[PDB]
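S.K.:
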Amino acid sequence: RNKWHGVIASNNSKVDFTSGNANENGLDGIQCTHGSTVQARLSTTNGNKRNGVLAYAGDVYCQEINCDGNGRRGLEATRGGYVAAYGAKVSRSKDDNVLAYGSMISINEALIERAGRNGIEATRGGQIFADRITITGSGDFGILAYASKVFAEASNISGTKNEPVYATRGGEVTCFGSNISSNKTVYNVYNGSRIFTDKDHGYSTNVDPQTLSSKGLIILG
Amino acid sequence: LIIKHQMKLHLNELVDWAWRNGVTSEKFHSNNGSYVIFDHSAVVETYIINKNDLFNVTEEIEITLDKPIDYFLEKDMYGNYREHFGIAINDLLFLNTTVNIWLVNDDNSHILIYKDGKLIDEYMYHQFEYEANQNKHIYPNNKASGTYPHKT
Amino acid sequence: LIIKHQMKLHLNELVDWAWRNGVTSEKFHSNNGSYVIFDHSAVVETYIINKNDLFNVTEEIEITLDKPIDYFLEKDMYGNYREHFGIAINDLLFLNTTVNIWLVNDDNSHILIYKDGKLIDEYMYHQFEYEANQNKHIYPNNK
Amino acid sequence: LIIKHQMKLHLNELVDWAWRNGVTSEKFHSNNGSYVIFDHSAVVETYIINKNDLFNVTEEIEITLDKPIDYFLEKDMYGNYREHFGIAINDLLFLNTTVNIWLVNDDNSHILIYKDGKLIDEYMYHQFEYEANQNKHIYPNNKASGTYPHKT
Amino acid sequence: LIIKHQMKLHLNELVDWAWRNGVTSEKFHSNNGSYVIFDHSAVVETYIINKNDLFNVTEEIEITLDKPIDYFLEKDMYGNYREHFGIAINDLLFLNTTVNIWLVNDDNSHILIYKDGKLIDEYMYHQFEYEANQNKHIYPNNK
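Each protein sequence line maps, in turn, to chains H, Z, B, P and G.
Residue 1308 in the numbering used here sits at position 43 of the first sequence; the count goes up by one each step and never skips.
Residue 311 in the numbering used here sits at position 34 of the second sequence; the count goes up by one each step and never skips.
Residue 86 in the numbering used here sits at position 93 of the third sequence; the count goes up by one each step and never skips.
Residue 327 in the numbering used here sits at position 50 of the fourth sequence; the count goes up by one each step and never skips.
Residue 71 in the numbering used here sits at position 78 of the fifth sequence; the count goes up by one each step and never skips.
1) Rounded to a whole number of angstroms, what is the C-alpha to C-alpha distance between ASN289/Z and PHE332/Z?
2) Pop quiz: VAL50/B and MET0/B are said to be a contact at Cβ under 8 Å. What is the actual Cβ separation, rounded to whole angstroms?
3) Against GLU1289/H, what residues of chain Z qualify as contacts under a CB-to-CB distance less than 9 Å, listed in chain order?
4) Assess contact between the stretch 1339 to 1354 of chain H and the stretch 1369 to 1388 of chain H, defined as three or more Cβ pairs (one per stretch) separated by less than 8 Å. Is contact present?
5) With a cut-off of 8 Å, does the C-beta of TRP296/Z fall near any C-beta of chain B?
6) Closest to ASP32/B by CA distance: which of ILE314/Z, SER318/Z, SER311/Z and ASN327/Z is it?
7) Start and end of the alpha helix (DSSP H) containing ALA295/Z?
8) Could you tell me if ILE279/P is buried or exposed, where buried requires 16 or more neighbouring beta carbons within 10 angstroms of its beta carbon?
9) If we ignore side chains and look at the alpha-carbon of each, how far apart do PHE305/P and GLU122/B end up?
10) Classify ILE364/Z: buried if its beta carbon has 16 or more other beta carbons within 10 angstroms, exposed otherwise.
11) For chain B, find out if any of its Cβ atoms is closer than 8 Å to the Cβ of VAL334/Z; answer yes or no.
12) Express the C-alpha separation of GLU55/B and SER18/B in angstroms, rounding to a whole number.
13) With DSSP collapsed to three states, give me the class of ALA1412/H.
14) Tell me which residues of the stretch 372 to 390 of chain Z have at least one Cβ-Cβ distance to chain G shorter than 7 Å, keeping chain order.
15) Helix, strand or coil for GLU1374/H, going by three-state DSSP, please let me know.
16) Decide if the stretch 387 to 400 of chain Z is in contact with the stretch 370 to 382 of chain P; the criterion is three or more beta carbon pairs, one per stretch, under 8 Å apart.
17) Touch check for the stretch 354 to 364 of chain Z and the stretch 68 to 76 of chain B: three-plus C-beta pairs under 8 Å?
18) Tell me where the beta strand (DSSP E) around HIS22/G begins and ends.
19) Between residue 271/Z and chain B, is the shortest Cβ-Cβ distance under 8 Å, so that the two count as touching?
20) Classify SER307/P: buried if its beta carbon has 16 or more other beta carbons within 10 angstroms, exposed otherwise.
21) Report the three-state DSSP secondary structure of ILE388/P (helix, strand or coil).
22) Looking at the C-beta of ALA81/G, does it have a partner C-beta in chain B at a distance below 8 Å?
23) So, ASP1333/H versus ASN1316/H, is the Cβ gap smaller than 8 Å?
24) Comparing alpha-carbon positions, which option in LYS(-3)/G, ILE82/G and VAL29/G lies nearest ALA11/G?
25) Helix, strand or coil: how does DSSP classify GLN404/Z here?
26) Out of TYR400/Z, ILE390/Z and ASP383/Z, point me to the one whose CA is closest to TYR118/G's CA.
27) Give me the DSSP bridge partner(s) of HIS361/P.
28) Between the Cα of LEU58/B and those of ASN83/B, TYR40/B, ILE131/B and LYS(-3)/B, spot the shortest distance and give me the residue it belongs to.
29) How is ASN83/G classed by DSSP in three states: helix, strand or coil?
30) In whole angstroms, what is the alpha-carbon distance linking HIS1270/H and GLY1381/H?
31) From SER1458/H to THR1433/H, what distance separates their C-alpha atoms?
32) Output, in chain order, the set of chain B residues within a Cβ distance shorter than 8 Å of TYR71/G.
33) Is the Cβ of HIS119/G closer than 8 Å to any Cβ of chain B?
34) Out of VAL300/Z, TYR324/Z, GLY310/Z and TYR348/Z, which has the shortest C-alpha to C-alpha gap to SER318/Z?
35) Report the neighbours of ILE346/Z on chain G: residues whose CB is nearer than 8 Å to its CB, in chain order.
36) Alpha carbon to alpha carbon, what distance is there between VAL292/P and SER311/P?
Right, here's the structure in full:
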């Protein structure tokens, strides 16, 4: 219920939030700024007027951080931040669930549902890691890329509105063994961006399977 | 044998617990930052408290032969199992025959409290409390049920 | 069929009831002048609510043969009384000999809902009168 | 605990009620303008009284432990329901076990009069009397059963 | 499903247990500082192990409906408690009315393994909460 952020670490400072709650605040639930690192292993940060957690050129380390109903990006890293959350459970974010903004985010087995926009997104450089991430009920896209790479060795994107996975202006989506389920074209490529995946499940593709084009190359093999 | 028990209670449960275990004056904060203030054992000031708000309260449950126990299970020396609600251990007609008595924790989990004719000490009770329900998976469910109330 | 029952609940019971049967915005008062306010289903304000304070609340229950009843009482033709929990009126195995059914209202009060094979609203409760038409007779006057 | 009870009675019922509850001298008017005059508890003068004429009379029924109650229902602490006709509440052999007692009103409608070991006060009784039979629909039937008797 | 139980065994019981559940090389300690050493499943060294010395040993038991259980206790819906020896959970003739099954752990302790038709790990133990979405309402401020 604070006017500004819930817990903030700034200018090379450490804070530990092992199971604490940062709810209802008028700004970002947890924010690291300029090299500071907070640790939120099992925190609960839901309902805030802004991002559930933000990394303004600082590190955030989580294990099963809970987010819900935040006013904007549930997890966000920018200007060199790094948000690590092996089992983050984000949901019901008004904007993007988790967005990497020129920085790296590591959600290996996150389960994220009912986003108001893209399930995950890596815009303006940066990378996002994923191993068995579960998307459900996304707003626009299950996965998105803007000159940025997203790795998902397996996934379960479902209930997405427009397109399961989208790649633009470069950037890979190494979604190999994904169990995607959607009516629209599954794998999408635009403006010279690559996608790599398996051929075990026949999924609709925007471009011919394994040939170059003006749009990027796909390897359905 | 006094056992701390930390729990999270909604507003109704918190009010009930506070009035049963008399609190003269105290402020209870919630999960989502809302608070309720008791003054002279009467509710005075409550912030914006939504449903499903959780308040943390620790209550001491003491296990003694003379005081009543809400729910326990008794095994006779012959082999009969019986259950007793809200009576003290000494209130049994023939405590001579009783061999073992297990407390019941509303999870259908039994914790041994009485064996070999004597109460179980505090540390063995802690061991049994850890030991009774090891593989207890609780349903994971999270709803914020709130947003910064003011216009900012 | 709508049954209205007035009850008296302490603060904890009042809060549980109000959150269970959603109330958006309204103020409940008590005997000693203490009050509580719900606004958008949130407890905004409370004013010196001591214990043993009784808030009077009216409650509407829809009664229907298909809908289950929390706690009702049935009386047969012979005279045997029984009580049932969480069972719809149509669910009873022996409705052939069931003459009356009341609803036990947690205050130990009794409200009739079923009378002689019909819901109480459908029953008509005939009065008594000797059968005869208009007299239409001219009588002598004493004046 | 005295309860007013207003009712409409035919000539036979009115005469019976008057003679049971002794009336020294009084004139009772009817629905249709006919009247009956009691003098010295004996019927003296009756106007032209047709069948189905209704007389309004108010009688006081007082509910007390010591005086008999015509029809009540008793619930034991064990869970047994019994009905008693025309005996006082104190006349029960073991009033100790009795938990609740409801008056019966010939409409198969129960009104709580005895709970928690004490009688129900007058105002709670009025509340329960309103509350017991809310959705009681009475058959609507109107017959004039009369005409201005004289030749005019 | 893996159940871990800590027990206290004298030297003879400890030796029997260790040789029964093969241990290659490890040292067991006791309360009074006495210790015993197994090396390649042989008792190489013992150090002043008096009687009534309790060695604390943790034991892992795999619990599965097919695998038989040494000693368990079952509770029906009505309330009857019974005990069974050397019988798999699936083997019980009346699993229809069996509500709970605990494992009697030779210390007279009780560990829940079966709850309402499922193993305890499969059961999810739903909590309680009133159903409602986010408030998302702007409230006046008192400042």
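Note that CB positions come from ideal geometry on N, CA and C, so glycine has one too.
M.R.: Reading from the atomic positions:
1) For the purposes of this step, residue 289/Z is taken as the residue at position 12 of the second sequence. For the purposes of this step, residue 332/Z is taken as the residue at position 55 of the second sequence. So the two alpha carbons sit approximately 10 Å from each other.
2) For the purposes of this step, residue 50/B is identified with residue 57 of the third sequence, where counting begins at 1. For the purposes of this step, residue 0/B is identified with residue 7 of the third sequence, where counting begins at 1. Yes, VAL50/B and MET0/B are in contact; Cβ-Cβ is about 6 Å, under 8 Å.
3) Counted from its first residue, the first sequence places residue 1289/H at position 24. What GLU1289/H touches in chain Z: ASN309, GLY310, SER311, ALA421, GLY423, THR424, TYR425 and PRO426.
4) yes
5) Start at 1 with the first residue of the second sequence, and residue 296/Z comes out as number 19. Cβ-Cβ to chain B under 8 Å: yes for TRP296/Z.
6) Here residue 32/B refers to the residue found at position 39 when the third sequence is read from its first residue. Answer by Cα proximity: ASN327/Z.
7) One-based indexing of the second sequence puts residue 295/Z at position 18. Run containing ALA295/Z: 288 to 297, per the alpha helix (DSSP H) assignment.
8) As a working mapping, residue 279/P is identified with position 2 in the fourth sequence. So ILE279/P counts as exposed.
9) Position 28 of the fourth sequence, counted from the first residue, corresponds to residue 305/P. Position 129 of the third sequence, counted from the first residue, corresponds to residue 122/B. Their Cα atoms are separated by approximately 19 Å.
10) Against the second sequence, residue 364/Z aligns to sequence position 87. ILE364/Z comes out exposed.
11) In the second sequence, counting from the first residue as 1, residue 334/Z sits at position 57. So, not an interface residue.
12) Within the third sequence, the letter at position 25 stands for residue 18/B. Within the third sequence, the letter at position 62 stands for residue 55/B. Cα to Cα, the separation comes out at about 23 Å.
13) Residue numbering aside, residue 1412/H sits at position 147 when the first sequence is read from its first letter. DSSP places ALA1412/H in coil when its eight states are reduced to three.
14) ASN377, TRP379, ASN385, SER386, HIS387 and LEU389
15) Start at 1 with the first residue of the first sequence, and residue 1374/H comes out as number 109. The answer is coil: DSSP assigns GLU1374/H none of H, G, I, E or B.
16) no
17) no
18) As a position in the fifth sequence, residue 22/G is number 29, starting the count at 1. It spans 18 to 22 - the beta strand (DSSP E) in which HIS22/G sits, taken as one unbroken run.
19) Outside the displayed span of chain Z (278 to 429) sits residue 271/Z, for which this structure offers no information.
20) As a working note, residue 307/P is residue 30 in the fourth sequence. Counting Cβ neighbours within 10 Å, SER307/P comes out buried, since at least 16 surround it.
21) As a position in the fourth sequence, residue 388/P is number 111, starting the count at 1. In this structure, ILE388/P counts as strand in the three-state DSSP scheme.
22) Counting from one through the fifth sequence, the residue named residue 81/G turns up at place 88. It does not; no Cβ of chain B falls within 8 Å.
23) Counted from its first residue, the first sequence places residue 1333/H at position 68. Counted from its first residue, the first sequence places residue 1316/H at position 51. In this structure, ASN1316/H does not lie closer than 8 Å to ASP1333/H by Cβ.
24) What you label residue 11/G is simply residue 18 of the fifth sequence in a count that begins at 1. For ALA11/G, the nearest C-alpha among the options comes from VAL29/G.
25) In the second sequence, the residue the question calls residue 404/Z occupies position 127. If DSSP states are grouped into helix, strand and coil, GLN404/Z belongs with the helices.
26) Residue 118/G sits at position 125 when you count from the first residue of the fifth sequence. Nearest of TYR400/Z, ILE390/Z and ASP383/Z to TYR118/G, Cα basis: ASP383/Z.
27) Sequence index remark: in the fourth sequence, residue 361/P carries index 84 (1-based). DSSP output for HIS361/P lists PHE349/P as bridge partner(s).
28) Start at 1 with the first residue of the third sequence, and residue 58/B comes out as number 65. Nearest C-alpha to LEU58/B: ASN83/B.
29) Looking up residue 83/G in the fifth sequence gives position 90. Helix, per DSSP.
30) By one-based count along the first sequence, residue 1270/H stands at place 5. By one-based count along the first sequence, residue 1381/H stands at place 116. Between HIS1270/H and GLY1381/H, the C-alpha separation is close to 22 Å.
31) In the first sequence, the residue the question calls residue 1458/H occupies position 193. In the first sequence, the residue the question calls residue 1433/H occupies position 168. Using only the alpha carbons, I get a separation of about 6 Å.
32) Here the question's residue 71/G lines up with position 78 in the fifth sequence. Those within 8 Å of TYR71/G in chain B number zero; the least Cβ separation is about 16 Å.
33) Here residue 119/G corresponds to residue number 126 of the fifth sequence, with the count starting at 1. It does not; no Cβ of chain B falls within 8 Å.
34) Here residue 318/Z refers to the residue found at position 41 of the second sequence. Nearest of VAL300/Z, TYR324/Z, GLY310/Z and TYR348/Z to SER318/Z, Cα basis: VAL300/Z.
35) Here the question's residue 346/Z lines up with position 69 in the second sequence. Chain G residues near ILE346/Z: none, gap ~16 Å exceeds 8 Å.
36) The residue given as residue 311/P occupies position 34 in the fourth sequence. The residue given as residue 292/P occupies position 15 in the fourth sequence. Those two C-alpha atoms are separated by around 14 Å.
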